[PDB]
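Asker: Next up is a structure, given as structure tokens.
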Amino acid sequence: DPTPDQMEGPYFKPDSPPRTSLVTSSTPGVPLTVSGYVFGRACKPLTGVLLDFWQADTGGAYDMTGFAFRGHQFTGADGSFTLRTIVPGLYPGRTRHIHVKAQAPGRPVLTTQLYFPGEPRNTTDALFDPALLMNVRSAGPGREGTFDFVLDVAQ
Ligand SMILES: [Fe+3]
């Protein structure tokens with residue numbers, strides 16, 4: 001309220017495919033589904049918001065040749081989103097994170113990141129921001145993330 005912005009990073013690639021799922025049962029890593037809503041200025045759900053996610057694989061590598069672990073979606077009538085993925089791996093200098101660009105129809109793009117609770121690197125990574133923490137709880141062999149966006153959109 002409202003979701004803080006952060007840098008894009010060198011590993012963004014435009015033109016991600018449309019998909020809410022980035023993984024299969026055969027994808028290595030700890031299963032993670034992240035879900036929530038996009039709200040505007042009056043705490044009301046926003047429809048048709050573009051959410052474009054990218055992240056490292058379980059071993060901390062980004063795909064620069066293809067679009068593995070890159071995918072975008074649009075919020076539905078209820079303003080909800082869902083992302084089925086795996087927990088991204090650590091890589092040099094950074095705590096654990098998922099990248100996201102959010103764009104409400106006809107508005108500027110918000111570039112930001114999502115962080116994980118209880119990660120030791122949250123204390124070492126200067127880029128870390130507790131306002132961008134997901135809630136994360138166990139769900140069998142995997143995990144469930146919860147995060148709501150608030151965009152600067154008048155209602
Ligand atoms: Fe990154």
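How things are named: the first chain in the structure tokens is A, the next is B, and so on; residues count from 1 in each chain; ligands count from 1 in the order shown.
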Using only C-alpha atoms and all ligand atoms, find each residue in chain A having at least one atom no more than 10 Å away from ligand 1; report its shortest atom-to-atom pair and that distance in Å (one decimal), rows by chain then rising number, as JSON lines.
Answerer:
{"residue": "A:7", "atom": "CA", "partner": "ligand 1", "partner_atom_place_in_ligand_line": "1 (Fe)", "distance": 9.4}
{"residue": "A:8", "atom": "CA", "partner": "ligand 1", "partner_atom_place_in_ligand_line": "1 (Fe)", "distance": 8.1}
{"residue": "A:9", "atom": "CA", "partner": "ligand 1", "partner_atom_place_in_ligand_line": "1 (Fe)", "distance": 6.1}
{"residue": "A:10", "atom": "CA", "partner": "ligand 1", "partner_atom_place_in_ligand_line": "1 (Fe)", "distance": 7.9}
{"residue": "A:11", "atom": "CA", "partner": "ligand 1", "partner_atom_place_in_ligand_line": "1 (Fe)", "distance": 6.6}
{"residue": "A:12", "atom": "CA", "partner": "ligand 1", "partner_atom_place_in_ligand_line": "1 (Fe)", "distance": 8.5}
{"residue": "A:54", "atom": "CA", "partner": "ligand 1", "partner_atom_place_in_ligand_line": "1 (Fe)", "distance": 8.3}
{"residue": "A:55", "atom": "CA", "partner": "ligand 1", "partner_atom_place_in_ligand_line": "1 (Fe)", "distance": 6.3}
{"residue": "A:56", "atom": "CA", "partner": "ligand 1", "partner_atom_place_in_ligand_line": "1 (Fe)", "distance": 6.8}
{"residue": "A:60", "atom": "CA", "partner": "ligand 1", "partner_atom_place_in_ligand_line": "1 (Fe)", "distance": 8.9}
{"residue": "A:61", "atom": "CA", "partner": "ligand 1", "partner_atom_place_in_ligand_line": "1 (Fe)", "distance": 9.2}
{"residue": "A:62", "atom": "CA", "partner": "ligand 1", "partner_atom_place_in_ligand_line": "1 (Fe)", "distance": 8.0}
{"residue": "A:88", "atom": "CA", "partner": "ligand 1", "partner_atom_place_in_ligand_line": "1 (Fe)", "distance": 9.5}
{"residue": "A:90", "atom": "CA", "partner": "ligand 1", "partner_atom_place_in_ligand_line": "1 (Fe)", "distance": 9.2}
{"residue": "A:91", "atom": "CA", "partner": "ligand 1", "partner_atom_place_in_ligand_line": "1 (Fe)", "distance": 8.3}
{"residue": "A:92", "atom": "CA", "partner": "ligand 1", "partner_atom_place_in_ligand_line": "1 (Fe)", "distance": 9.8}
{"residue": "A:93", "atom": "CA", "partner": "ligand 1", "partner_atom_place_in_ligand_line": "1 (Fe)", "distance": 9.9}
{"residue": "A:94", "atom": "CA", "partner": "ligand 1", "partner_atom_place_in_ligand_line": "1 (Fe)", "distance": 7.4}
{"residue": "A:95", "atom": "CA", "partner": "ligand 1", "partner_atom_place_in_ligand_line": "1 (Fe)", "distance": 8.9}
{"residue": "A:96", "atom": "CA", "partner": "ligand 1", "partner_atom_place_in_ligand_line": "1 (Fe)", "distance": 8.2}
{"residue": "A:97", "atom": "CA", "partner": "ligand 1", "partner_atom_place_in_ligand_line": "1 (Fe)", "distance": 6.6}
{"residue": "A:98", "atom": "CA", "partner": "ligand 1", "partner_atom_place_in_ligand_line": "1 (Fe)", "distance": 7.0}
{"residue": "A:99", "atom": "CA", "partner": "ligand 1", "partner_atom_place_in_ligand_line": "1 (Fe)", "distance": 6.5}
{"residue": "A:113", "atom": "CA", "partner": "ligand 1", "partner_atom_place_in_ligand_line": "1 (Fe)", "distance": 8.4}
Asker: Export N, CA and C atoms of the chosen residues as an mmCIF file, in the first residue's frame?
Answerer:
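selection.cif, written as the output of this step:
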data_model
loop_
_atom_site.group_PDB
_atom_site.id
_atom_site.type_symbol
_atom_site.label_atom_id
_atom_site.label_comp_id
_atom_site.auth_asym_id
_atom_site.auth_seq_id
_atom_site.Cartn_x
_atom_site.Cartn_y
_atom_site.Cartn_z
ATOM 1 N N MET A 7 14.701 -2.460 -8.689
ATOM 2 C CA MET A 7 15.348 -2.546 -9.990
ATOM 3 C C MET A 7 14.989 -3.811 -10.779
ATOM 4 N N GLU A 8 15.094 -3.692 -12.095
ATOM 5 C CA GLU A 8 14.799 -4.777 -13.020
ATOM 6 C C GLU A 8 15.845 -5.893 -12.963
ATOM 7 N N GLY A 9 17.117 -5.510 -12.932
ATOM 8 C CA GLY A 9 18.206 -6.470 -12.965
ATOM 9 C C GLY A 9 18.579 -6.790 -14.401
ATOM 10 N N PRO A 10 19.792 -7.331 -14.609
ATOM 11 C CA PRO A 10 20.271 -7.627 -15.962
ATOM 12 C C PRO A 10 19.535 -8.792 -16.622
ATOM 13 N N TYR A 11 18.826 -9.604 -15.838
ATOM 14 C CA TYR A 11 18.294 -10.878 -16.337
ATOM 15 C C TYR A 11 16.846 -10.859 -16.837
ATOM 16 N N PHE A 12 16.268 -9.676 -16.983
ATOM 17 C CA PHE A 12 14.950 -9.579 -17.595
ATOM 18 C C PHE A 12 15.023 -9.823 -19.106
ATOM 19 N N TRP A 54 9.633 -13.307 -13.600
ATOM 20 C CA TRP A 54 10.810 -14.088 -13.975
ATOM 21 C C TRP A 54 11.668 -14.368 -12.733
ATOM 22 N N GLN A 55 12.515 -15.396 -12.800
ATOM 23 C CA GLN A 55 13.232 -15.865 -11.612
ATOM 24 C C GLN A 55 14.303 -16.867 -11.980
ATOM 25 N N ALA A 56 15.191 -17.148 -11.033
ATOM 26 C CA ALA A 56 16.197 -18.190 -11.237
ATOM 27 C C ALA A 56 15.583 -19.563 -11.025
ATOM 28 N N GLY A 60 19.754 -21.508 -9.167
ATOM 29 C CA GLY A 60 20.124 -20.105 -9.187
ATOM 30 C C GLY A 60 20.471 -19.537 -10.555
ATOM 31 N N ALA A 61 20.172 -20.267 -11.622
ATOM 32 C CA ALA A 61 20.484 -19.769 -12.965
ATOM 33 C C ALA A 61 19.261 -19.175 -13.664
ATOM 34 N N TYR A 62 19.448 -18.043 -14.347
ATOM 35 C CA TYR A 62 18.391 -17.479 -15.190
ATOM 36 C C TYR A 62 18.590 -17.978 -16.618
ATOM 37 N N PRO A 88 13.009 -20.330 -6.053
ATOM 38 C CA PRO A 88 14.242 -20.003 -6.784
ATOM 39 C C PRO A 88 15.491 -20.249 -5.940
ATOM 40 N N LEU A 90 19.522 -19.680 -4.726
ATOM 41 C CA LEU A 90 20.417 -18.561 -4.456
ATOM 42 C C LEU A 90 21.542 -18.449 -5.493
ATOM 43 N N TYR A 91 21.964 -17.212 -5.748
ATOM 44 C CA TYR A 91 23.095 -16.930 -6.621
ATOM 45 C C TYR A 91 23.941 -15.801 -6.009
ATOM 46 N N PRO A 92 25.140 -15.509 -6.577
ATOM 47 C CA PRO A 92 26.022 -14.610 -5.817
ATOM 48 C C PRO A 92 25.476 -13.210 -5.487
ATOM 49 N N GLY A 93 25.625 -12.837 -4.220
ATOM 50 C CA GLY A 93 25.331 -11.496 -3.766
ATOM 51 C C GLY A 93 23.879 -11.185 -3.448
ATOM 52 N N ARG A 94 22.961 -12.097 -3.742
ATOM 53 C CA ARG A 94 21.543 -11.776 -3.569
ATOM 54 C C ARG A 94 20.829 -12.760 -2.664
ATOM 55 N N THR A 95 19.887 -12.238 -1.889
ATOM 56 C CA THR A 95 18.963 -13.091 -1.167
ATOM 57 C C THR A 95 17.971 -13.697 -2.162
ATOM 58 N N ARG A 96 17.127 -14.606 -1.687
ATOM 59 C CA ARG A 96 16.182 -15.288 -2.557
ATOM 60 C C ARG A 96 15.040 -14.344 -3.003
ATOM 61 N N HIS A 97 14.676 -14.377 -4.285
ATOM 62 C CA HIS A 97 13.646 -13.466 -4.796
ATOM 63 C C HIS A 97 13.004 -13.935 -6.094
ATOM 64 N N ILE A 98 11.809 -13.423 -6.361
ATOM 65 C CA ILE A 98 11.151 -13.589 -7.648
ATOM 66 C C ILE A 98 10.916 -12.201 -8.236
ATOM 67 N N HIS A 99 11.270 -11.998 -9.504
ATOM 68 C CA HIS A 99 11.060 -10.694 -10.119
ATOM 69 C C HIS A 99 9.648 -10.566 -10.685
ATOM 70 N N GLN A 113 10.221 -6.708 -6.818
ATOM 71 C CA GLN A 113 10.611 -8.070 -6.478
ATOM 72 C C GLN A 113 9.836 -8.599 -5.274
#
Asker: I need the strand (DSSP E) residues of segment 53-112 of chain A per DSSP on the backbone, written as a ChimeraX atom specification.
Answerer: /A:53-54,70-74,80-86,97-103,110-112
Asker: Find the spatial neighbours of residue 52 of chain A, counting only C-alpha atoms, within a cut-off of 7 Å - ignore same-chain residues fewer than 6 positions away - and output them as number ranges by chain.
Answerer: A: 71-73, 100-102
Asker: Between atom CA of residue 43 of chain A and atom CA of residue 21 of chain A, measure the distance and give it in Å to one decimal.
Answerer: 26.9 Å
Asker: Quick one: everything within 9 Å of residue 5 of chain A, counting only C-alpha atoms, minus sequence neighbours fewer than 5 positions away in the same chain. Send it as a ChimeraX atom specification.
Answerer: /A:110-113
Asker: Could you write those residues out with N, CA and C atoms, as a short mmCIF file (atom, residue, chain, number, x, y, z; two decimals), in the first residue's frame?
Answerer:
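Output below, filename selection21.cif:
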data_model
loop_
_atom_site.label_atom_id
_atom_site.label_comp_id
_atom_site.auth_asym_id
_atom_site.auth_seq_id
_atom_site.Cartn_x
_atom_site.Cartn_y
_atom_site.Cartn_z
N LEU A 110 5.05 -0.99 -13.07
CA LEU A 110 5.77 -1.11 -11.81
C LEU A 110 6.75 -2.29 -11.87
N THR A 111 8.04 -2.03 -11.67
CA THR A 111 9.04 -3.10 -11.59
C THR A 111 9.42 -3.35 -10.14
N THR A 112 9.36 -4.60 -9.71
CA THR A 112 9.64 -4.89 -8.31
C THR A 112 10.06 -6.33 -8.08
N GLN A 113 10.22 -6.71 -6.82
CA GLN A 113 10.61 -8.07 -6.48
C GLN A 113 9.84 -8.60 -5.27
#
